[PDB]
Amino acid sequence: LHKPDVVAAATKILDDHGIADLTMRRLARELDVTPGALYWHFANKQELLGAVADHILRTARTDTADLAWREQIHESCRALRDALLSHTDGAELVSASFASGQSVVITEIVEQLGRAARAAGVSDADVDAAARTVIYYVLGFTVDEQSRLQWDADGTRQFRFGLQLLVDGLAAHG
Amino acid sequence: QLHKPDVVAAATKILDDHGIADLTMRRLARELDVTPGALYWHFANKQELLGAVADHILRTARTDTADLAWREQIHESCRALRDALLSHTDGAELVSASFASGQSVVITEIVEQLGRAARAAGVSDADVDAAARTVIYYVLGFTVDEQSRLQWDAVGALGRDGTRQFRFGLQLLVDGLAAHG
């Protein structure tokens, strides 16, 4: 069992069936393996969801070297939301993995947002809080949006507006 | 006969005791010791039931802020909202999903109330609703994340000045709104 195959099969369960069906027992069945084989790669569901979040966020990683802080926030957040919207229940999966401490990639995006907050003038003690505030808004926005798209079956402009409130807010620390 | 207030209350107790996943129409009927069909006289489906439970949870969240300056209105409303969500197991998640499905009347009222503060701040009428939703999305993302962490940590499955962190994000939003002044 190669870890990237496990992750890619877990991501297809999510896409085809939703976050609820993404369980270790179900993944084992789709890979045609004894379930114990999966616990060589993930100690539990929360690590599995973390690896799937890191995989769907591979395209959320964005180089904001050579962008001023305002533009880095906008771009980081654009790429994050696009990645989340690219998979069924993507925003919900990333929210859970952020809350569990199990996504490496979301933590990197936090640190990048924190470098932008720092450049705007936020004190070092508050940088993390500032970065997280942006993330909460993005996740809240996108969970809501996805859930409406999935059920009821200018988004970008609304998304950008709310982000701009935050950027104007950060700029009040200068 | 079944009194709708009693049904909502029973549904809220299942939520508190067992979590959002266990709040189903079949479980609710079992806890009330009634035939399941009786609940369908009060709610057509689980989303309507969750909506009523959301409005019940958010009963305490509404406060009259008319006497306050717009900044303090946003602070007062959002604190009351977070506190109501934290008062019930999975409350922030349940209110999120009900806002998204359009089934909570109280959250719609809170958003309109926040739109009045945005308008004092100088946000244009065309953007007041986006401004108000922006604040809500922050409060919901913050509080879903906070409550997941607290719930996991209480079962030692996680491996913190909530309030000060909450206030700091609210203040960024307020300062961003004021930038429209």
Side-chain angles (χ1 to χ4, degrees), chain A residues 20 43-47 91-92 94-102 106 117 120 122-123 125-152 154-155 157-174, chain B residues 21 47 92-93 95-103 107 118 121-124 126-153 157-159 161-162 164-181:
Chain A
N44 55 42
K45 198 183 193 183
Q46 289 65 42
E47 307 190 355
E92 172 180 358
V94 169
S95 304
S97 302
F98 184 44
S100 70
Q102 229 41 87
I106 196 75
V122 174
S123 308
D126 298 334
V127 159
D128 285 12
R132 284 193 298 267
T133 294
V134 172
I135 286 299
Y136 293 144
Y137 161 70
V138 175
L139 293 174
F141 182 108
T142 308
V143 170
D144 181 78
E145 174 174 42
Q146 282 197 301
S147 159
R148 292 188 206 263
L149 285 170
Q150 286 164 24
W151 299 335
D152 311 358
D154 178 70
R157 189 173 155 279
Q158 298 284 311
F159 176 67
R160 284 187 60 86
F161 184 81
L163 214 40
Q164 191 55 33
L165 287 172
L166 291 167
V167 163
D168 292 333
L170 287 160
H173 285 71
Chain B
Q47 307 87 257
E93 185 186 337
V95 174
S96 305
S98 295
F99 181 43
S101 78
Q103 297 273 357
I107 196 74
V123 179
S124 82
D127 292 327
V128 151
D129 284 347
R133 283 190 299 264
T134 293
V135 176
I136 290 301
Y137 296 139
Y138 163 69
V139 169
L140 302 170
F142 181 99
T143 310
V144 172
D145 178 85
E146 176 183 32
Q147 183 168 58
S148 303
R149 293 190 273 101
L150 289 167
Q151 286 168 6
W152 290 333
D153 200 55
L158 183 64
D161 198 335
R164 172 166 175 130
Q165 297 294 307
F166 184 63
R167 173 167 82 259
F168 180 88
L170 278 192
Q171 194 57 42
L172 284 178
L173 287 167
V174 163
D175 288 328
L177 291 164
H180 286 65

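In what follows, chains carry the letters A, B, and so on, assigned in the order in which the sequence lines appear, proteins first and then strands, with residues in each chain numbered from 1.
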Reported OH-to-OH distance for the pair B:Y137 and A:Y137, which is rounded to 0.5 angstrom: 8.0 Å
Spacing of OG1 belonging to A:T133 relative to CZ belonging to B:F166, to within rounding of 0.5 Å: 10.0 Å
Option in B:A157, B:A178, B:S101, B:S96 with maximal non-hydrogen atom pairs under 4.5 Å from chain A: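 Winner by heavy-atom pair count: B:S101.
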Heavy-atom pair count under 4.5 Å with chain A, highest-scoring of B:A100, B:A131, B:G102: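 Most heavy-atom pairs within the cutoff with chain A belong to B:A100.
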Portion of B:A179 that has a non-hydrogen atom of chain A nearer than 4.5 angstrom: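 B:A179 touches chain A through side-chain heavy atoms alone.
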Residue B:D127 versus chain A: region with a heavy atom under 4.5 Å: both
Listed partners of B:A130 passing side chain to side chain contact (heavy atoms under 4.5 Å, CB included), at least two apart: A:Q158, A:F161, B:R133
Between [X] and chain B, with a heavy-atom cut-off of 4.5 Å, which part of the residue counts as in contact: side chain, backbone, both or neither?
X      : answer
A:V122 : side chain
A:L170 : both
A:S147 : side chain

Pairs involving residues 163-174 of chain A, ordered by first then second residue, that meet salt bridge (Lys or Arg N to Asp or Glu O under 4.0 Å) (sequence neighbours left out):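 Only A:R70-A:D168 qualify under salt bridge (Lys or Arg N to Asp or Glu O under 4.0 Å).
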B:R149 to A:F98, cation-pi by 6.0 Å centre distance and 45° axis angle: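 Verdict for A:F98: no cation-pi partner in B:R149.
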